[PDB]
J.: 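I have a structure I would like to understand better, so I am pasting it below and will then ask my questions one at a time.
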Amino acid sequence: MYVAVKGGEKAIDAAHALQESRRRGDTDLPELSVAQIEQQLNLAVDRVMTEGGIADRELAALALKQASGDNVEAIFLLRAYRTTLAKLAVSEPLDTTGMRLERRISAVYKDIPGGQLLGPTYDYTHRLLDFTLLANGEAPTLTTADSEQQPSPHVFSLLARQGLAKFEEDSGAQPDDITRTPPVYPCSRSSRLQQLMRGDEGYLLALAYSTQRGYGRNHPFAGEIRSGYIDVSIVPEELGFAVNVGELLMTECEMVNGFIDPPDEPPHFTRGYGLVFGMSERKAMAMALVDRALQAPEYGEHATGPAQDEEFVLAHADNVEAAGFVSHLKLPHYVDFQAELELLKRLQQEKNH
Amino acid sequence: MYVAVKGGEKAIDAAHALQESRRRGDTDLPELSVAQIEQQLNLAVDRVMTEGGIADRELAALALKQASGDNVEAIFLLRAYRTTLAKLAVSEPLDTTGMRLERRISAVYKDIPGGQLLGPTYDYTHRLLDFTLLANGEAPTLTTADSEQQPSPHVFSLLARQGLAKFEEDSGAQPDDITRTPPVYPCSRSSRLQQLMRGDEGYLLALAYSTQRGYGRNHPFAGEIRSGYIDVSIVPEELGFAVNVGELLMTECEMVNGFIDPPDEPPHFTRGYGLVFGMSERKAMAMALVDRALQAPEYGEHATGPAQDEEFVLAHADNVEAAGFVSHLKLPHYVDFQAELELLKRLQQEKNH
Amino acid sequence: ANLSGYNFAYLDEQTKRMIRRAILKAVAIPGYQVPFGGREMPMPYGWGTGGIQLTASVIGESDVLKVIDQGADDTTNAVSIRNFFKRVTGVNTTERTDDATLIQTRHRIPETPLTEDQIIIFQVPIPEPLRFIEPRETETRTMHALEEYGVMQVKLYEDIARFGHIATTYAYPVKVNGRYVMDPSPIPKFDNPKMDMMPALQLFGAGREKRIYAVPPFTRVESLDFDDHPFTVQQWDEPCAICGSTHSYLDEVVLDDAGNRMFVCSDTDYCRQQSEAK
Amino acid sequence: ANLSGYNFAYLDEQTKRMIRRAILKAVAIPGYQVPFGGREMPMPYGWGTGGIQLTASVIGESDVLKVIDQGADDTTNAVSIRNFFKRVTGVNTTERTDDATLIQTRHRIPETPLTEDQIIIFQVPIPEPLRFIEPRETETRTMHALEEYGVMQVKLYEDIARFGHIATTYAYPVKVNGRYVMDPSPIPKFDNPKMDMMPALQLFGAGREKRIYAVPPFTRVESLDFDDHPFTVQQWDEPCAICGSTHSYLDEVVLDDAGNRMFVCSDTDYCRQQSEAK
Amino acid sequence: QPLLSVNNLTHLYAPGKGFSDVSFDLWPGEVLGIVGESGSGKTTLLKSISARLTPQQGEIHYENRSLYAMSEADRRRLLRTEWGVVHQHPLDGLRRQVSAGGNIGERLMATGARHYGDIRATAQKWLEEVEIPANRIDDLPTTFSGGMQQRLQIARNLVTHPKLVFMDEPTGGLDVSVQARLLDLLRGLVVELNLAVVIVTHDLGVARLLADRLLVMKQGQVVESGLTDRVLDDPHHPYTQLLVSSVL
Amino acid sequence: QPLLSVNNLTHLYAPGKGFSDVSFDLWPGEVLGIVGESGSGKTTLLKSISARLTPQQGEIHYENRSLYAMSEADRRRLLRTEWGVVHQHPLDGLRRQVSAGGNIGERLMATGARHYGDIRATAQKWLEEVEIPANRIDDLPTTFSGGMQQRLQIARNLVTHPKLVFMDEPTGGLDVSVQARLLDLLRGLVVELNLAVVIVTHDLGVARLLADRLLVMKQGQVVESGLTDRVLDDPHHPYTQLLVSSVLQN
Ligand SMILES: Nc1ncnc2c1ncn2[C@@H]1O[C@H](COP(=O)(O)OP(=O)(O)OP(=O)(O)O)[C@@H](O)[C@H]1O
Ligand SMILES: Nc1ncnc2c1ncn2[C@@H]1O[C@H](COP(=O)(O)OP(=O)(O)OP(=O)(O)O)[C@@H](O)[C@H]1O
Ligand SMILES: O=P(O)(O)OC[C@H]1O[C@@H]2OP(=O)(O)O[C@@H]2[C@@H]1O
Ligand SMILES: O=P(O)(O)OC[C@H]1O[C@@H]2OP(=O)(O)O[C@@H]2[C@@H]1O
Ligand SMILES: [Mg+2]
Ligand SMILES: [Mg+2]
Ligand SMILES: [Zn+2]
Ligand SMILES: [Zn+2]
Ligand SMILES: [Zn+2]
Ligand SMILES: [Zn+2]
């Protein structure tokens, strides 16, 4: 007859060893360092920080190395690590006006105060595979202009001064924190922005692309995309006064969106907002576009696309949840499958009879 | 007065140099090699091959290096390179029964003929950041079992032999090739599968997750997930007989899906199919789930979720298109913005009058 | 003992306290899904995070932990969860349902009847029994609140009309304390009767969906059905090929491509208990 | 000459031939969006791939290529496209509309009137003028086929009723040859009249959407409007601050945070032509 | 005590759109018809008195309990067990994806029915009582005609023998024969089961044959009230005179 | 020649569901009412003869041209310019997101109208002709009542003065006064503009006052046909006798 044996634990251990060996790869090649990933794969690091929830470049690069380059796995690793960290403080609200700029562009005006700073970007590159990278090369010597940074007012501050757009006013409302309480639909805009920042880049990009193609359009213009170093400050209880704890490289995107004509005020442009860690800006743009799409209840807009369906967008945006639940089908399901089989075999035997 | 000056070209060149320097990063660290990325970041390479459309590990790793780890940019680089390559042959249809397995699991039965081969996987790992990877380590010594590969029948062949599922029959229909002609909606299942394989992992994962959560459910079970080396063969015209040109590492996912009760045949399970390059399997699972969702017209299913909306899913699935069109907002739009402004300024005056 | 560098049971005291308050609220409101601020675990969402959190919040040094998946202690994920709990708590573990004080289970209730002071913790993918009828939480929350379960009865009626049977075979909805329609987790219809008037506390954890619900001991759990279509549990024409039991839930193991198969107990501990007794 | 290692104009002969057939079909069916098997270019989709493909398919060694974006030759993307074409074709380039044989443009028609044997190639994001009314191609294809443009007229009527004006300010729909409603690309209303009975061939390329359409020389292009709400072009209370023209499309340049701004010609070549003439 | 008492009920979308200052009483076993020019607020009043629209002013008592002072659960229970509501559009009171048998049996199961065979038999009987064949029980209402759908929504809201049934143009889309068959059914239920009916209709013949009392609405204001026979044969308000004169 | 000729038209979803072997003729200036028990196929026949449903058998000629032998574009043009179609559900022949003025003016612009002011004036006039106030022109039909929506769909399909108008229960949901106001309008259009009408209704009074000829359908079969007065006052088929007897005498 048959006797049951124990095979689960050793199979698990062998599978983990196989995965670790595959991660190391050929041993003749030197092992990758987290520093190399942080420096040279910086955009993947940016995505992993933004979605995993920690603005620590080294940790995100470590997760990428551990995940064998899998962005979803690295993001989940970073989020799991976040769970183990004590919250020491809450930052004072970020002031993007103080950003030291690496890149500042505006699509709405040819030239603006402070100028069109392209900065480090792949924009306008010819996407031809560069086979010289197959071998070691020499980094180019950078041209140097004047060192001063020109006054860079937010383009939306220029639009609002003309009455074309409305200033974003602070009423002192306490932001919702979906990391402490589960989201409740309909969610506040603070909760929506927090979720979108953690949301999958591809999902939100597809939703925004759909909005551009008529599935809940909002007539977007890139009013300003700002990337640079923004200082973080906290008010520790031991001292009672603000202390600057460092700077973070972040990208801010502001979208002008289709004007509205309210009954009691002049017609004005609407707007969307995106904010991400690092330089990767398409995530911020998609965040702004989906934020504007989800603003439909505020503006009484009739939904014409899934991007405006708040629950559908947000409940499936976090790739931690989505990847976990899709991959969970790999788990043994033979008890549930036996139940489905037990019924089908009967409905097959009752139809034939 | 003011005079116009030329600044576009030099700004572009300086921006490209800045991006290249940032890609190189700190020069004290050795430059990353494409071989290291291919070996140790293999899952990112898998995604880039699958979505970029070329099953060349070195090219995908080169694109990742060139893209500073940006998966979207690397995928677009690989697709652009694909455009420059002559098509030398069309492979004979792949036979996954001949796959040399690295990993074979089934969620529907506890044990199957050939067994549950976990293989290299992160499944069942505790996602705790491994800080030992911050320094060089030693790869584990792999345990060795018997070298023979056990007969591994497809689980769906076991289900179909019992009448629980239907064999996928070949009618000789010529597959649609959306790389040669633009997709026409409604698309054939061959076109749908081709597009989904090229589709964004995050978008399709979110759609599949939504289907699991009731937005167009199809009651999925992972009937079998197979990863391994499959031989590619072509029938060159110079010889007239099949020649084996090599092997490709690929992952195949077969999903059992909710049974149906056709009027004239016994009730049976439906199915979905996913196939990807490399080992990354969540893309294949999402592909299978969305394939089943898009099978609604065949089964006369009443759509209850966006995942079943064929045009919405497919038109926005390709992240080449989506990323390009979202990023295009960064382009100067001041002519169009001036038009919108010219109108809004007149509407403001008329409302105030 | 715990010698892993993490807090006992890997949860910070604030998260444990919040989950404990949620557990008490769920006990006081049987069948109601209590939202809780679930955290991301070392296991991916959809791989038992809710059950892990509940066990971590309830478990103590003196508890004997039993972890089973598909009814088996040696299942991959059950092994992973048990090893994690051994690492971060050091508690004693057992494969015997009788000797367990805490049972964390995925898709099976043990064949061995549970006793007083035992807590069984279920891992739940979808805490909402009405989700597959109404995917949106905004509607199901109000349906729960106003006891509007008319959509489930219609679903059952239509299933009978279309097939002659109720299509649902696992995660079969059950009315709790005469009020709340509840999802018992993806356990088979075979196990649902065990829930009725059980002398053990039942806890249900949906980590990804951020819900916790519970059934107190000796609480009425009635599977939704009709008088002329009474609740019928799964049945097999064969006994277990190892122990010969005819009263256990059976898993089908395919032995070859020729179609030879054997049915064996999913509850491996019960199978061993029967086999040893001969 | 071409010394880049690629085929002349970077396109393989099969792709060029397919695009050429599509161009001929579009010319024979003015206003109709001809699907074509567009390929991925070194530029991202949505950054002018359709126009690049059309130019590559039509361009020759003897052509003088003019590339303008927002009406300016020095615009970033225009510079990139012109440099790519210089690399892969080696053709002569010019900033003068009069001296150009091929003009690839994004969002502007040059102020200088076009002449015979000139081809102007437009870059089109959305080749379907009815897309923002009906996002689905499955419906718009049939709307084009059955000449059912009632949804556009209703849109214009509702825009007038709500605002008193037609909200569309660029990419303004135009009827071509009395039959086909067409999107002229995101050129402003200012430029639409230039399309009517033009002595130059107009080609429109939507690479991402995989469409090509064309307007032959001396073809009727009529912007949709009403008699009591006639088509009115953009107007500015100021002339160009550099050349003093009152007849050119103007771009607003913000000089400081204090709100000082100047309006200058978007068509930089026309601005230079006027300034030199004094 | 009156079964349903309405006092100074008001709900206006805009001046002249809706209803205002509407008061009346309804005892068991009598029918209160409502007539008026199209857009007079009859539908708004019907929704307000059926717990489907919170009034801006006034009050509604049902069995000595304020209708809107109770919890939403109690109002839902009333609309689920002992209150019928026939809508002007038949599909509003129907489930498109649920067969006719399911639509009828939802109401039966809400009342405690748990025997599939008896539910199916009662659904077939009622489908036949409203002149729909029994073989259509498994068919979805989308495949039914407008009259068939309306007669399905009547059967759905009368299968539970509710105490109070609100109707909006119930006879619309029904031929004269099935119309009279549905009026006779209502009269039988009223006389036997003591059912109360509040019906909004334009066909004055149906009100005369069915409505015990009649109300007349114009510009959202109740202009005339009293017995159906007195109002129809001896109208006082000019609009009532015009409406009766218009009778073909 | 008849304006609309139907020969052996048939379309059945299942035996007894739909219509079969239906033939008749319609000349300009006359109204052809259709009556029968609910579910007799009146709506199916109306859709089939209005180019909305391809018949399984038979033929339809319009001005010596087979209705379904022409291209889809020609049929769409007919339904867009010179053919009115009032649906049993008012919202079917209305645009929810488009105001009443827009709904009425779509039909005017399809006929060549390109003056916004004249379109608006005509829409206001017709809103008043069907008893809806002019100030509701900018309001969406979703905010209208059922009778208001039905009277909007009549105004929408009569603003262009079409030659042939198909109606399905046009009088449903309308009070007697506005019903008679809408019957008088139809009579005026028919006598003056020579409009042809094919109306499906259950109120025999409307058919008597309007329908020049009458058809009776039962189980998808045309049982009785001829003049409205003869059919109503001197019925032959038993079902017609039952239907006339059921009439609620006042
Ligand atoms: N949401 C709304 N917004 C604005 N006005 C509305 C709204 N709903 C209804 N109205 C208006 O309120 C008035 C009352 O409409 P209601 O549907 O109650 O009329 P009714 O008498 O039942 O109609 P009928 O007998 O013609 O079906 C009408 O003018 C209607 O247009
Ligand atoms: N899609 C369909 N599938 C099956 N049967 C259908 C379908 N559509 C209609 N029927 C049936 O065909 C018959 C004709 O219905 P139809 O709507 O034409 O009736 P009618 O005489 O116009 O109705 P009424 O006067 O009550 O509105 C009815 O039995 C209807 O149930
Ligand atoms: O959300 P989590 O992390 O607590 O996972 C709960 C359950 O969801 C998945 O679906 P499953 O029931 O097949 O088993 C898995 C898992 O046990
Ligand atoms: O699809 P492609 O690649 O041919 O890009 C066509 C056009 O789409 C984008 O939108 P735009 O009009 O603002 O300018 C861009 C570009 O010129
Ligand atoms: Mg009404
Ligand atoms: Mg009908
Ligand atoms: Zn599962
Ligand atoms: Zn654009
Ligand atoms: Zn056993
Ligand atoms: Zn100038």
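So that the names make sense, note that chain A is the first sequence line, chain B the second, and so on, each numbered from 1. The figures that follow rest on heavy atoms only: side chains count, while hydrogens, waters and symmetry mates do not.
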J.: How are the rings of B:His316 and B:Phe312 set to each other: parallel, tilted or perpendicular (split at 30° and 60°)?
T.: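 Taking B:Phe312 first and then B:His316, their aromatic rings stand perpendicular (interplane angle over 60°).
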J.: Got a second to check how far A:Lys283's NZ is from A:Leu43's CG, nearest 0.5 Å?
T.: 13.5 Å
J.: If you draw a 6.0 Å radius around CD in A:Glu58, do more than 12 non-hydrogen atoms from other residues or ligands fall strictly inside?
T.: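 No, the 6.0 Å shell around CD holds no more than 12 heavy atoms from other groups.
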J.: Are there over 12 heavy-atom neighbours, none belonging to A:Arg180, within less than 6.0 Å of that residue's CZ?
T.: no
J.: How far does CZ of A:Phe277 sit from CD1 of A:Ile54, to the nearest 0.5 angstrom?
T.: 9.5 Å
J.: Pairing donors with acceptors under 3.5 angstrom, does anything connect the side chains of C:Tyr45 and A:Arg79?
T.: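 No - no donor-acceptor pair under 3.5 Å links their side chains.
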J.: So do A:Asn218 and A:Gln295 actually touch side chain to side chain, heavy atoms under 4.5 Å?
T.: no
J.: Regarding C:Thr140 and C:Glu137, is there a side-chain donor-to-acceptor distance under 3.5 Å anywhere?
T.: yes
J.: Show, in sequence, the C-alpha distance, side-chain angles and deciding distance for A:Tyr273 and A:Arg189, and conclude whether the side chain to side chain donor-acceptor pair (under 3.5 Å) test is met.
T.: CA-CA 11 Å; A:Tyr273 189 71; A:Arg189 191 175 172 208; over 6 Å; no
J.: With no hydrogens and no angle check, do the side chains of A:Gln195 and A:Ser191 hold a donor and an acceptor under 3.5 Å apart?
T.: yes
J.: Other residues, nucleotides and ligands only: do more than 12 of their heavy atoms fall within 6.0 Å of CZ on A:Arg82?
T.: yes
J.: Check whether any side-chain N or O of A:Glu201 sits under 3.5 Å from a backbone N or O of A:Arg282 as a donor-acceptor pair, and report yes or no.
T.: no
J.: Return the CE to CZ distance between C:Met43 and A:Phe76, rounded to the nearest 0.5 Å.
T.: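 Answer for the CE-CZ pair, C:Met43 versus A:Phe76, is 9.0 Å.
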J.: Is there a donor-acceptor contact under 3.5 Å linking the side chains of B:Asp70 and B:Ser68?
T.: no
J.: Show your reasoning for whether salt bridge (charged side-chain N to carboxylate O under 4.0 Å, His left out) applies to A:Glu298 and A:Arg192.
T.: CA-CA 13 Å; A:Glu298 283 107 283; A:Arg192 294 200 305 266; 3.1 Å; yes
J.: Which residues satisfy the side chain to side chain donor-acceptor pair (under 3.5 Å) test with C:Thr49, sequence neighbours excluded?
T.: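 Once residues adjacent in sequence are excluded, C:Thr49 has no partner under the side chain to side chain donor-acceptor pair (under 3.5 Å) criterion.
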